[PDB]
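So you can see what is in the structure, the chains are spelled out below.
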Amino acid sequence: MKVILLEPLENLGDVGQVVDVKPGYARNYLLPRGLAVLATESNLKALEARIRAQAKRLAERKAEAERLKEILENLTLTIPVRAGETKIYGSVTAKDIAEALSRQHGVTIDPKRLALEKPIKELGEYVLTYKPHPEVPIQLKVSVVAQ
Amino acid sequence: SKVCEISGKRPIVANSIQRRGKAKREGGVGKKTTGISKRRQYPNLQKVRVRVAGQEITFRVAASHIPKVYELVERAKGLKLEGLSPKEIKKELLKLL
RNA sequence: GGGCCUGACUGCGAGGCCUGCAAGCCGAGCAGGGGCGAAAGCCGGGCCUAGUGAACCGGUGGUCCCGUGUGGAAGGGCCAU
RNA sequence: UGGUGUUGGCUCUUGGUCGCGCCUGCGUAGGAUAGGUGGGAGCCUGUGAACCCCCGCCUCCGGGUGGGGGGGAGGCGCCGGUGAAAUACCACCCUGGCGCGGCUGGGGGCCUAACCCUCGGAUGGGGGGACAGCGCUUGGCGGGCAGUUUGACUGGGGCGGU
RNA sequence: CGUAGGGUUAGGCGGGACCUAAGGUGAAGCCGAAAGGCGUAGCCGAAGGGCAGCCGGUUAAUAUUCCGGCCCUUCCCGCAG
RNA sequence: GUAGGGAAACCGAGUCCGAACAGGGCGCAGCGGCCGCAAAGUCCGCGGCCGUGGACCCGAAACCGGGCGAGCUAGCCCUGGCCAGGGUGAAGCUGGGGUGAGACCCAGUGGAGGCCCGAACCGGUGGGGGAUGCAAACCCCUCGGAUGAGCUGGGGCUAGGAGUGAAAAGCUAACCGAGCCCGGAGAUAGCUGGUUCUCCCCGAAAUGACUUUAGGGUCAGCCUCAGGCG
RNA sequence: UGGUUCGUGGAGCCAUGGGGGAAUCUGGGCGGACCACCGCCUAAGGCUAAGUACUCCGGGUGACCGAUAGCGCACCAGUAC
RNA sequence: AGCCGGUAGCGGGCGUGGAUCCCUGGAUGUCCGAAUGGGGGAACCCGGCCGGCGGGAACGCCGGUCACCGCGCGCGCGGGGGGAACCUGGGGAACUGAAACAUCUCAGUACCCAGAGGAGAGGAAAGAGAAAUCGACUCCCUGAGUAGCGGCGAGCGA
Ligand SMILES: [Mg+2]
Ligand SMILES: [Mg+2]
Ligand SMILES: [Mg+2]
Ligand SMILES: [Mg+2]
Ligand SMILES: [Mg+2]
Ligand SMILES: [Mg+2]
Ligand SMILES: [Mg+2]
Ligand SMILES: [Mg+2]
Ligand SMILES: [Mg+2]
Ligand SMILES: [Mg+2]
Ligand SMILES: [Mg+2]
Ligand SMILES: [Mg+2]
Ligand SMILES: [Mg+2]
Ligand SMILES: [Mg+2]
Ligand SMILES: [Mg+2]
Ligand SMILES: [Mg+2]
Ligand SMILES: [Mg+2]
Ligand SMILES: [Mg+2]
Ligand SMILES: [Mg+2]
Ligand SMILES: [Mg+2]
Ligand SMILES: [Mg+2]
Ligand SMILES: [Mg+2]
Ligand SMILES: [Mg+2]
Ligand SMILES: [Mg+2]
Ligand SMILES: [Mg+2]
Ligand SMILES: [Mg+2]
Ligand SMILES: [Mg+2]
Ligand SMILES: [Mg+2]
Ligand SMILES: [Mg+2]
Ligand SMILES: [Mg+2]
Ligand SMILES: [Mg+2]
Ligand SMILES: [Mg+2]
Ligand SMILES: [Mg+2]
Ligand SMILES: [Mg+2]
Ligand SMILES: [Mg+2]
Ligand SMILES: [Mg+2]
Ligand SMILES: [Mg+2]
Ligand SMILES: [Mg+2]
Ligand SMILES: [Mg+2]
Ligand SMILES: [Mg+2]
Ligand SMILES: [Mg+2]
Ligand SMILES: [Mg+2]
Ligand SMILES: [Mg+2]
Ligand SMILES: [Mg+2]
Ligand SMILES: [Mg+2]
Ligand SMILES: [Mg+2]
Ligand SMILES: [Mg+2]
Ligand SMILES: [Mg+2]
Ligand SMILES: [Mg+2]
Ligand SMILES: [Mg+2]
Ligand SMILES: [Mg+2]
Ligand SMILES: [Mg+2]
Ligand SMILES: [Mg+2]
Ligand SMILES: [Mg+2]
Ligand SMILES: [Mg+2]
Ligand SMILES: [Mg+2]
Ligand SMILES: [Mg+2]
Ligand SMILES: [Mg+2]
Ligand SMILES: [Mg+2]
Ligand SMILES: [Mg+2]
Ligand SMILES: [Mg+2]
Ligand SMILES: [Mg+2]
Ligand SMILES: [Mg+2]
Ligand SMILES: [Mg+2]
Ligand SMILES: [Mg+2]
Ligand SMILES: [Mg+2]
Ligand SMILES: [Mg+2]
Ligand SMILES: [Mg+2]
Ligand SMILES: [Mg+2]
Ligand SMILES: [Mg+2]
Ligand SMILES: [Mg+2]
Ligand SMILES: [Mg+2]
Ligand SMILES: [Mg+2]
Ligand SMILES: [Mg+2]
Ligand SMILES: [Mg+2]
Ligand SMILES: [Mg+2]
Ligand SMILES: [Mg+2]
Ligand SMILES: [Mg+2]
Ligand SMILES: [Mg+2]
Ligand SMILES: [Mg+2]
Ligand SMILES: [Mg+2]
Ligand SMILES: [Mg+2]
Ligand SMILES: [Mg+2]
Ligand SMILES: [Mg+2]
Ligand SMILES: [Mg+2]
Ligand SMILES: [Mg+2]
Ligand SMILES: [Mg+2]
Ligand SMILES: [Mg+2]
Ligand SMILES: [Mg+2]
Ligand SMILES: [Mg+2]
Ligand SMILES: [Mg+2]
Ligand SMILES: [Mg+2]
Ligand SMILES: [Mg+2]
Ligand SMILES: [Mg+2]
Ligand SMILES: [Mg+2]
Ligand SMILES: [Mg+2]
Ligand SMILES: [Mg+2]
Ligand SMILES: [Mg+2]
Ligand SMILES: [Mg+2]
Ligand SMILES: [Mg+2]
Ligand SMILES: [Mg+2]
Ligand SMILES: [Mg+2]
Ligand SMILES: [Mg+2]
Ligand SMILES: [Mg+2]
Ligand SMILES: [Mg+2]
Ligand SMILES: [Mg+2]
Ligand SMILES: [Mg+2]
Ligand SMILES: [Mg+2]
Ligand SMILES: [Mg+2]
Ligand SMILES: [Mg+2]
Ligand SMILES: [Mg+2]
Ligand SMILES: [Mg+2]
Ligand SMILES: [Mg+2]
Ligand SMILES: [Mg+2]
Ligand SMILES: [Mg+2]
Ligand SMILES: [Mg+2]
Ligand SMILES: [Mg+2]
Ligand SMILES: [Mg+2]
Ligand SMILES: [Mg+2]
Ligand SMILES: [Mg+2]
Ligand SMILES: [Mg+2]
Ligand SMILES: [Mg+2]
Ligand SMILES: [Mg+2]
Ligand SMILES: [Mg+2]
Ligand SMILES: [Mg+2]
Ligand SMILES: [Mg+2]
Ligand SMILES: [Mg+2]
Ligand SMILES: [Mg+2]
Ligand SMILES: [Mg+2]
Ligand SMILES: [Mg+2]
Ligand SMILES: [Mg+2]
Ligand SMILES: [Mg+2]
Ligand SMILES: [Mg+2]
Ligand SMILES: [Mg+2]
Ligand SMILES: [Mg+2]
Ligand SMILES: [Mg+2]
Ligand SMILES: [Mg+2]
Ligand SMILES: [Mg+2]
Ligand SMILES: [Mg+2]
Ligand SMILES: [Mg+2]
Ligand SMILES: [Mg+2]
Ligand SMILES: [Mg+2]
Ligand SMILES: [Mg+2]
Ligand SMILES: [Mg+2]
Ligand SMILES: [Mg+2]
Ligand SMILES: [Mg+2]
Ligand SMILES: [Mg+2]
Ligand SMILES: [Mg+2]
Ligand SMILES: [Mg+2]
Ligand SMILES: [Mg+2]
Ligand SMILES: [Mg+2]
Ligand SMILES: [Mg+2]
Ligand SMILES: [Mg+2]
Ligand SMILES: [Mg+2]
Ligand SMILES: [Mg+2]
Ligand SMILES: [Mg+2]
Ligand SMILES: [Mg+2]
Ligand SMILES: [Mg+2]
Ligand SMILES: [Mg+2]
Ligand SMILES: [Mg+2]
Ligand SMILES: [Mg+2]
Ligand SMILES: [Mg+2]
Ligand SMILES: [Mg+2]
Ligand SMILES: [Mg+2]
Ligand SMILES: [Mg+2]
Ligand SMILES: [Mg+2]
Ligand SMILES: [Mg+2]
Ligand SMILES: [Mg+2]
Ligand SMILES: [Mg+2]
Ligand SMILES: [Mg+2]
Ligand SMILES: [Mg+2]
Ligand SMILES: [Mg+2]
Ligand SMILES: [Mg+2]
Ligand SMILES: [Mg+2]
Ligand SMILES: [Mg+2]
Ligand SMILES: [Mg+2]
Ligand SMILES: [Mg+2]
Ligand SMILES: [Mg+2]
Ligand SMILES: [Mg+2]
Ligand SMILES: [Mg+2]
Ligand SMILES: [Mg+2]
Ligand SMILES: [Mg+2]
Ligand SMILES: [Mg+2]
Ligand SMILES: [Mg+2]
Ligand SMILES: [Mg+2]
Ligand SMILES: [Mg+2]
Ligand SMILES: [Mg+2]
Ligand SMILES: [Mg+2]
Ligand SMILES: [Mg+2]
Ligand SMILES: [Mg+2]
Ligand SMILES: [Mg+2]
Ligand SMILES: [Mg+2]
Ligand SMILES: [Mg+2]
Ligand SMILES: [Mg+2]
Ligand SMILES: [Mg+2]
Ligand SMILES: [Mg+2]
Ligand SMILES: [Mg+2]
Ligand SMILES: [Mg+2]
Ligand SMILES: [Mg+2]
Ligand SMILES: [Mg+2]
Ligand SMILES: [Mg+2]
Ligand SMILES: [Mg+2]
Ligand SMILES: [Mg+2]
Ligand SMILES: [Mg+2]
Ligand SMILES: [Mg+2]
Ligand SMILES: [Mg+2]
Ligand SMILES: [Mg+2]
Ligand SMILES: [Mg+2]
Ligand SMILES: [Mg+2]
């Protein structure tokens, strides 16, 4: 008997996968514990539609990122800060870079998404990765300058 | 011993024929019937219990139509069934046949 | 008692015996292919009268007759047992 | 009472079976232990040769194969010996056997959730448990019951005889 | 016996408007080709339980039933505690 | 009906067996004067006999289906009732005795029991009577039980291959080795019985063969009718 | 297993109690085991007048009865008993 | 043009202003019965709710209403029971015949049951079966006692 798993299951298969079990097992265990469903046509359709729908929203995100690589990776973020010689008085935070990025350049971003461990404390040219999606990592070149 | 709630399979009457002798096809003189008497052949009835709409419904059904009960459960998802009695649920289910 | 042999034939069969039926019995003669005999001829088991069992069902060998739209096949008929 | 449905999970042990890894084969003769039939005139080596010793494993008592260490640039071939067939190297496939696996057949253990019992309580607990019950089918035992049969002749009938 | 006419009077006797027994029936539920068979509750079911009337008089014919005397039961309403 | 023969293919006044042009089986072939006449055959009527039906009528014991019965009787269940009077005198208990204590013995008290005698009541032993009865089981005399496995009222349950049975194949509504009613049904009866006006002609058989046959049948023999022969 | 003429037969067809178990016309069932060929037909949903059967009922008609007949009943009979 | 049933009599009435009588429709229609408020030993008994009557609260009577199951959203609709044969479906004998008897016959008959209806069933090819064919079903004649089936018996029979 073919069923569709509703969960990962010890040496049987993975969720959404279609396996063949003895009808007793399906009827008297798997189905009553909500662990699986009959591989009927009427719910094979549905599984197909779920795989369909997930894959729509995955590649749709992997575009919303990729297209956001286009808006960044083609600019430099220039941040004027009060500083002497090369060391800054205050600092440039991620929360700053994000607030900077909207004001000029237009793009709105999430500070927390940006890969900045400790607030930048020296003037110069920085190359900072964004990660708005795993597998789609972005290069934000940021020039921190004086005045 | 009785009637399939799904297929309508019911006990039927059959003869039990007793024979002695060697078939012609095997070079024997032929089969002789030493007895014919009536008997019944029953459906292979079994119980099938299922939760549908938070209630426990049970069917007495021929083994051949055991899958037909579960298919009925599937078709039942499209129904306002909650709060009915199990007699009433079973009726809605059967009505789907 | 001995020699050669397989007629302990195949296809038939005039005419009879017996007889409720069904059976049983005797059988010259013609044809085919033979045996013995120089030939006449004899040989279709045994000097004779008992040693047997109808039909049905089935087996085996043959025949190549039927073969369920057609060609086959299954299965049967027929001759022998 | 066998098979099969209702009838499921895990495990161990055996048996069949394919799918691999494999190792494996000892007549006269021929160096040596020659399974077949091709492809074959070359293959191997810092992906360290000739050979020195310790472990497994089969062992026709001669070895074979598998590991470890030095040594670390050598070894077998085609030819020729040679036998029905002859050598390195690559395959397609056998004898037997081994370990993973599929798939199974038989046994053993365990599980629970079908099914059965049970619990003032119940979409639950407890117990039995894929047995038992029940369907289809197999063969058997079966005057408990059923339908019947159980001859004729005959100095009556039986017995005897026929 | 035929024809006709009369005659059987109850809150308290008996049974019902009370209870349950065996059994019967039977929501729930179970089973069986059909008919139907079962089935805790409930219901029915008495000569068992429960419940208030004794004595006398009267008619041709009834009387614990009518009458007379002395007693009593439940139900409804009210008043009082 | 007009063609038969052959298991058949198939051939056809032939065909089958067969090598046969052999032999054989089974088949094939009107009267008168073109006219009439008769005829194959076939249709209808009538009659005899045959087959199938219940098949000439009446008769079983039985078998099967579906119902009706436990107001009789049998067992059980629920609930009530009954059992005069008399007798015997268990255990226990009390007291006396006994002993180390006891067992135990005696007395009194007590009132046991499928105990005794005997009515009601329940039976039915032996005899007599009855015998078209008073009675389809009674009567008289006698006799068994009579606190029990007792008897009995009411209310219930179990039935036909079934019940019930202290068991007799007993009883289940006056006949139970399988109840009764209706139905299958006009079961079947190779047996018994019965079979109805008249006259005229003829006129048997009781044997043989075979027969789960023997008092029943088939064939033959023997009777009779019609046609033909002579 | 039943149905059919078909009783296991060479046994198909239709139906179906058990087990197994498809496909959507390039699908399927059938023409008497089976195979090929050649054909026929479209299973697993339902309905459908009429022509057919019967006679409680009404009428018509008898080479049907005539009170032991004809219905069990001509009548107060499914009665008395 | 008579009439008040068979049915006369007593004792009273009716009808040409059309009686009796016949036909159609309506009204009334105790109780029991499927019987259905509940019970029950049919034709009796006992209730709930609304309304009415009596002096009426107890008590009683009168009218209405109250069973169960199915289907459809408490309410609607329907069911239930009967009918001589006929009909379909679910079950289904035996005597008997086979001159014994078991397969076979009787017979899918008798009979039980369910259901229908004035009929019922069947019916518009996954047919037939050899015709290059036909064209739903039913029913009659014939095909035919054929083909076949059959302890290849008795018989059965498209
Ligand atoms: Mg059988
Ligand atoms: Mg055979
Ligand atoms: Mg053969
Ligand atoms: Mg046979
Ligand atoms: Mg189950
Ligand atoms: Mg099946
Ligand atoms: Mg299955
Ligand atoms: Mg010679
Ligand atoms: Mg002769
Ligand atoms: Mg003769
Ligand atoms: Mg010669
Ligand atoms: Mg010669
Ligand atoms: Mg010579
Ligand atoms: Mg001669
Ligand atoms: Mg001699
Ligand atoms: Mg001799
Ligand atoms: Mg002879
Ligand atoms: Mg015979
Ligand atoms: Mg014979
Ligand atoms: Mg033969
Ligand atoms: Mg053919
Ligand atoms: Mg031929
Ligand atoms: Mg064919
Ligand atoms: Mg060919
Ligand atoms: Mg041919
Ligand atoms: Mg061939
Ligand atoms: Mg042949
Ligand atoms: Mg042959
Ligand atoms: Mg012969
Ligand atoms: Mg078995
Ligand atoms: Mg099993
Ligand atoms: Mg365990
Ligand atoms: Mg457990
Ligand atoms: Mg459990
Ligand atoms: Mg255990
Ligand atoms: Mg089991
Ligand atoms: Mg079961
Ligand atoms: Mg089997
Ligand atoms: Mg058996
Ligand atoms: Mg016997
Ligand atoms: Mg025996
Ligand atoms: Mg007996
Ligand atoms: Mg008999
Ligand atoms: Mg015998
Ligand atoms: Mg005998
Ligand atoms: Mg005798
Ligand atoms: Mg004698
Ligand atoms: Mg004699
Ligand atoms: Mg004599
Ligand atoms: Mg004598
Ligand atoms: Mg004598
Ligand atoms: Mg003898
Ligand atoms: Mg008087
Ligand atoms: Mg008074
Ligand atoms: Mg009252
Ligand atoms: Mg009462
Ligand atoms: Mg009560
Ligand atoms: Mg009952
Ligand atoms: Mg009860
Ligand atoms: Mg009450
Ligand atoms: Mg009382
Ligand atoms: Mg009382
Ligand atoms: Mg009272
Ligand atoms: Mg009283
Ligand atoms: Mg008083
Ligand atoms: Mg008096
Ligand atoms: Mg009086
Ligand atoms: Mg008074
Ligand atoms: Mg007050
Ligand atoms: Mg000739
Ligand atoms: Mg003429
Ligand atoms: Mg004529
Ligand atoms: Mg005759
Ligand atoms: Mg007849
Ligand atoms: Mg007759
Ligand atoms: Mg006759
Ligand atoms: Mg008779
Ligand atoms: Mg009798
Ligand atoms: Mg008998
Ligand atoms: Mg009997
Ligand atoms: Mg009977
Ligand atoms: Mg009976
Ligand atoms: Mg009694
Ligand atoms: Mg009695
Ligand atoms: Mg009592
Ligand atoms: Mg007494
Ligand atoms: Mg006494
Ligand atoms: Mg006394
Ligand atoms: Mg005492
Ligand atoms: Mg003392
Ligand atoms: Mg004393
Ligand atoms: Mg005393
Ligand atoms: Mg005493
Ligand atoms: Mg006594
Ligand atoms: Mg006594
Ligand atoms: Mg006395
Ligand atoms: Mg007294
Ligand atoms: Mg008495
Ligand atoms: Mg007695
Ligand atoms: Mg006496
Ligand atoms: Mg005496
Ligand atoms: Mg006497
Ligand atoms: Mg006497
Ligand atoms: Mg006497
Ligand atoms: Mg007498
Ligand atoms: Mg006396
Ligand atoms: Mg006495
Ligand atoms: Mg006495
Ligand atoms: Mg005495
Ligand atoms: Mg006594
Ligand atoms: Mg006494
Ligand atoms: Mg006494
Ligand atoms: Mg006594
Ligand atoms: Mg007692
Ligand atoms: Mg008593
Ligand atoms: Mg009593
Ligand atoms: Mg009584
Ligand atoms: Mg009694
Ligand atoms: Mg009893
Ligand atoms: Mg009874
Ligand atoms: Mg009865
Ligand atoms: Mg009986
Ligand atoms: Mg008995
Ligand atoms: Mg007794
Ligand atoms: Mg009687
Ligand atoms: Mg009797
Ligand atoms: Mg009696
Ligand atoms: Mg008697
Ligand atoms: Mg009997
Ligand atoms: Mg009997
Ligand atoms: Mg009847
Ligand atoms: Mg009959
Ligand atoms: Mg008859
Ligand atoms: Mg007889
Ligand atoms: Mg007799
Ligand atoms: Mg006569
Ligand atoms: Mg004379
Ligand atoms: Mg004789
Ligand atoms: Mg004979
Ligand atoms: Mg004989
Ligand atoms: Mg004989
Ligand atoms: Mg006889
Ligand atoms: Mg004769
Ligand atoms: Mg003569
Ligand atoms: Mg004659
Ligand atoms: Mg003459
Ligand atoms: Mg089949
Ligand atoms: Mg059949
Ligand atoms: Mg045959
Ligand atoms: Mg067939
Ligand atoms: Mg099936
Ligand atoms: Mg096709
Ligand atoms: Mg296809
Ligand atoms: Mg088909
Ligand atoms: Mg087929
Ligand atoms: Mg076919
Ligand atoms: Mg066809
Ligand atoms: Mg067709
Ligand atoms: Mg229809
Ligand atoms: Mg029309
Ligand atoms: Mg019609
Ligand atoms: Mg008519
Ligand atoms: Mg009429
Ligand atoms: Mg007349
Ligand atoms: Mg008369
Ligand atoms: Mg009469
Ligand atoms: Mg007269
Ligand atoms: Mg009449
Ligand atoms: Mg009469
Ligand atoms: Mg009369
Ligand atoms: Mg009368
Ligand atoms: Mg009058
Ligand atoms: Mg007057
Ligand atoms: Mg007058
Ligand atoms: Mg007028
Ligand atoms: Mg009217
Ligand atoms: Mg009134
Ligand atoms: Mg009424
Ligand atoms: Mg009522
Ligand atoms: Mg009622
Ligand atoms: Mg009322
Ligand atoms: Mg009121
Ligand atoms: Mg007043
Ligand atoms: Mg009032
Ligand atoms: Mg009222
Ligand atoms: Mg009905
Ligand atoms: Mg009706
Ligand atoms: Mg039928
Ligand atoms: Mg039915
Ligand atoms: Mg049937
Ligand atoms: Mg029966
Ligand atoms: Mg019979
Ligand atoms: Mg008969
Ligand atoms: Mg006969
Ligand atoms: Mg017979
Ligand atoms: Mg006979
Ligand atoms: Mg006999
Ligand atoms: Mg018989
Ligand atoms: Mg007959
Ligand atoms: Mg039949
Ligand atoms: Mg029938
Ligand atoms: Mg009839
Ligand atoms: Mg009806
Ligand atoms: Mg009509
Ligand atoms: Mg119609
Ligand atoms: Mg219709
Ligand atoms: Mg159509
Ligand atoms: Mg013809
Ligand atoms: Mg028949």
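- If you check the header, you'll see the entry was determined by X-ray crystallography and the resolution is listed as 2.8000 Å.

A look at the pattern of salt bridges
Residues and elements named next belong to chain A.
Stage number 1. Under the defined criterion, the tally for this structure stands at seven salt bridges over all chains.
Stage number 2. Residues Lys69 and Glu66 are paired through a salt bridge, measuring 3.6 Å at the closest nitrogen-oxygen approach. Of the two residues, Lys69 and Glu66 both sit in helix α3 (residues 66-71), three residues apart, roughly one turn of that helix.
Stage number 3. Given the relative accessible area of 28%, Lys69 is considered partly exposed.
Stage number 4. Accessibility expressed as a relative area gives 38% for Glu66, which makes it partly exposed.

Some remarks on the nonpolar core
Stage number 1. If you look at the biggest cluster of nonpolar residues, it comprises 26 residues, and the most contacted ones within it are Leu77(A), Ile79(A), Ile97(A) and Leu140(A).
Stage number 2. Contributing elements (two or more residues each) for this core: β4 (76-81), β6 (87-92), α4 (94-103) and β9 (139-146) of chain A.
Stage number 3. Of all the elements, α4(A) adds the most residues to this core, at five residues.
Stage number 4. Setting aside chain neighbours within four positions, we find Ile97(A) in contact with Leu77(A), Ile79(A), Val92(A), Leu114(A), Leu116(A), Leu128(A), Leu140(A) and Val142(A).
Stage number 5. Formed by 20 residues, the second largest nonpolar core is a distinct cluster that contains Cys4(B), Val50(B), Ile57(B) and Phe59(B).

What to know about the protein's contact with RNA strand G
Residues and elements named next belong to chain B.
Stage number 1. Lining the immediate environment of RNA strand G, one finds 16 residues, of which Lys9, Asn15, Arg19, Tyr42 and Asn44 sit closest.
Stage number 2. Taken together, the sugar and phosphate atoms account for 90% of what RNA strand G places within 4 Å of the protein.
Stage number 3. At 3.4 Å, a side-chain N or O of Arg25 approaches a phosphate oxygen of RNA strand G.
Stage number 4. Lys31 places a polar main-chain atom, nitrogen or oxygen, 2.9 Å from a phosphate oxygen of RNA strand G.
Stage number 5. At five residues, the largest contribution of residues to the surface near RNA strand G is made by strand β1 (residues 12-20).
Stage number 6. Considering only residue class, the surface near RNA strand G consists of six nonpolar, four polar and six charged.

Brief notes about the sheet that holds strand β1 (residues 2-5) of chain A
Residues and elements named next belong to chain A.
Stage number 1. Spatial strand order, β2-β1-β3: three strands in an open sheet with antiparallel pairing. The open sheet is flanked by β2 (18-20) and β3 (36-38), the only strands paired with a single partner. Each adjacent strand pair in this sheet contributes to an overall mean axis angle of 40 degrees, direction not counted.
Stage number 2. With respect to the sheet, helix α2 (residues 41-64) is in contact with β1, β2 and β3, its orientation differing from that of β1 by roughly 35 degrees.

Here we look at unusual backbone geometry
All names here are of chain A.
Stage number 1. Here the phi dihedral of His105 falls at roughly 60 degrees; this positive angle occurs in a residue that is not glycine.
Stage number 2. Structurally, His105 can be placed in the loop between α4 and β7 (120-122).
Stage number 3. On the accessibility criterion, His105 (39% relative accessible area) is partly exposed.
Stage number 4. Of note in the backbone geometry, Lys131 takes a positive phi value of approximately 55 degrees without being a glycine.
Stage number 5. With respect to the helices and strands, the residue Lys131 is situated in the loop between β8 (124-129) and β9.
Stage number 6. Judged by its relative accessible area of 52%, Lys131 is exposed.

The rules we used
Residues numbered from 1 in each chain as written, not as in the entry; some residues may be left out. Chains lettered and ligands numbered in written order. Part of a larger assembly, values for the part shown. Heavy atoms only, no water. Residues with missing side-chain atoms left out of burial classes, pairs and counts. Salt bridge = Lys/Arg side-chain N within 4 Å of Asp/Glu carboxyl O. Helix = DSSP H or I, 4+ residues; strand = E, 2+ residues; numbered from the N terminus. Buried < 20%, exposed > 50% of the residue type's maximum accessible area, 1.4 Å probe, protein only. Core = buried A, V, L, I, M, F, W, Y, C linked by side-chain atoms within 4.5 Å. Contact = heavy atoms within 4.5 Å. Near = heavy atom within 4 Å. Polar contact = N/O pair within 3.5 Å; in protein donor to acceptor, adjacent residues only side chain to side chain. Nonpolar A, V, L, I, M, F, W, Y, C, P; charged D, E, K, R; others polar. Pairing = 2+ DSSP bridges. Axes fitted to C-alpha atoms, helices over the stretch in contact; angles between N-to-C directions.

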